[PDB]
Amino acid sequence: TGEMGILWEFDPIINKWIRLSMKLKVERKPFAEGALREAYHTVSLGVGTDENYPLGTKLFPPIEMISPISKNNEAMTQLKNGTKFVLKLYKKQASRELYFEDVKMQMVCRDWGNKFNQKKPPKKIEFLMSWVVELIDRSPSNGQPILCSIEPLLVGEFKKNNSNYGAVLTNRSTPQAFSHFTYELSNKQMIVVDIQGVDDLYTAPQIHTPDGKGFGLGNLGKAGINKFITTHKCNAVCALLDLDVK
């Protein structure tokens, strides 16, 4: 039929994780890849609760960060039986903490997207949902259990607009103005880069902060922030949004 998984959704507004179960069927070979990961077509065979699966503490995320109730979640509708979606694995290592940190990062970016839209720019944006999944049916050699992340399938022409280290790859205005927006309105505590997806539906972003801690692998601290600065040229969207040219 398919394999079981423990599914984790993060909800920023309560600052907690929701723990569920699902069953899934994953193609054998990847359809795409980048420098970090490989992506696999997958189909959903249903979402359920985690009651059969002892949490068994030792714990990460810790008990105080987990919601005792899970009846409200996006997974129920976005990953219902029959859905096509995408599963990602890291290229040849890693860490339990890492996967949870990537999903948390994408959720933070979704919040940034809604903040940008509230300003009424000419084009509105959206980041996809992302989820952590423990592939419990698969064998552990260093005793490491198998983990991954999953997200919806984007239909259409996928394009990368900027990288995590200073490259500007297309002419569009919206993706570069959004990056600038997050740097200025966060009081330079943070910036969102690696803006990529179909039209303005984006996924797999990267965040840099000054002290370089947190937010997984592509966080290049002060060095990444500086690279974005060097190549940025503000556009009509930067201006409509009243951002500083400096």
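Note that residue numbering begins at 1 and tracks the sequence as displayed.
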Missing residues of the deposited chain between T57 and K58 number 1 to 3
Mean Cα B-factor check, 160 to 168 vs 98 to 106, entry values; winner is 98 to 106
Higher avg CA temperature factor (117 to 125 vs 149 to 157, as deposited) belongs to 117 to 125
Looking only at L20, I14, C234, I225, the Cα with the top B-factor belongs to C234
Max C-alpha B-factor within the set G197, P205, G221, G216 falls on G216
Split the chain's modelled residues into thirds by Cα B-factor; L185 lands in the lowest
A177: C-alpha B-factor third of its chain, per the entry, is the lowest
Sorting the chain's modelled residues by C-alpha B-factor and splitting them into thirds places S130 in the lowest
Binned into thirds over the chain's modelled residues, the C-alpha B-factor of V43 lands in the middle
Entry-reported C-alpha B-factor of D137 relative to its chain, by third, is highest
